[PDB]
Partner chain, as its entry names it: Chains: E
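The chain below stands alone and is given as structure tokens, in the form solved without its partner chain.
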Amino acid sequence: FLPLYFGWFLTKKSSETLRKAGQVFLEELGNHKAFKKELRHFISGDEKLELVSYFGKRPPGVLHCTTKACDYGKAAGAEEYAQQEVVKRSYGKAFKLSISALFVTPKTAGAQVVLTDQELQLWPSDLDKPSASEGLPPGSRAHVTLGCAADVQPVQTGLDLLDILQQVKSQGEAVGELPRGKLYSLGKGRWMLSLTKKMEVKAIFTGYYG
């Protein structure tokens, strides 16, 4: 049968680099003037919110960028995906993932991945498309999950990214400057840190089993 899901799994060095950059982002963001102002939109609670604790559910080991969730063949289009020539040829193969930004929402915290044309060939085209993936180029959903809220599923991270990229589609001024780049407030608890320099992480395309 098929793996739980295919994707690019970052090396140990790469994962810790991206992970630590994610922690710094949550710490810096939670301290920023603009975020403390929009706490009412980020949280309908009830005085500083520690975002690193908020996104308490983090990936236990190495970070990864998902391509296609298969659930051992139980997912729609799973069989059709794994039997592609490029998928079979790319299995166990080395890739560099380009991180363009870090983003935060009331549900998830993650990193936007800008896939190359070679890597876009590995992105699935199953018919059941998220409606937020429309008007945007394919592979826009590509991401690395950094953290989730208690009752949130990691699948949500992609949905949040697509929802964010619909807003940007463009935009106005940045509301602040962080050491790595410009910070944008997209409203409704949504934040995007556009990196001045895009991070490059090495990863291996393969299949993960439970």
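Positions refer to the first chain, counted from 1.
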{"property": "Sequence continuity check, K169 and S170 (deposited residues unmodelled)", "result": "1 to 3"}
{"property": "Chain break class at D46/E47 - deposited residues not modelled", "result": "1 to 3"}
{"property": "Mean C-alpha temperature factor, higher of 125-133 and 87-95", "result": "125-133"}
{"property": "Given 57-65 and 34-42, the range whose Cα B-factors average higher in the PDB entry", "result": "34-42"}
{"property": "Out of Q118, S100, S140, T105, residue topping the C-alpha B-factor column of the entry", "result": "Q118"}
{"property": "Ranked against its chain, the third holding the CA B-factor of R19", "result": "lowest"}
{"property": "CA B-factor placement of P154, once the chain's modelled residues are sorted into thirds", "result": "middle"}
{"property": "Record-listed C-alpha B factor of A109: chain third", "result": "lowest"}
{"property": "Cα B factor band for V144 (lowest, middle or highest third within the chain)", "result": "lowest"}
{"property": "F205 CA temperature factor, ranked by third within the chain", "result": "lowest"}
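We do not show the form deposited with its partner chain bound, though everything after this point is about it.
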{"property": "Contact residue in the deposited bound form, from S125, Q83, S131, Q118 (heavy atom within 4.5 Å of its partner chain)", "result": "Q118"}
{"property": "Its partner chain contact at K202 in the deposited bound form, heavy atom, 4.5 Å", "result": "yes"}
{"property": "Residues of stretch 1-39 in contact with its partner chain in the deposited bound form (4.5 Å, non-hydrogen atom)", "result": "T11, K12, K13, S14"}
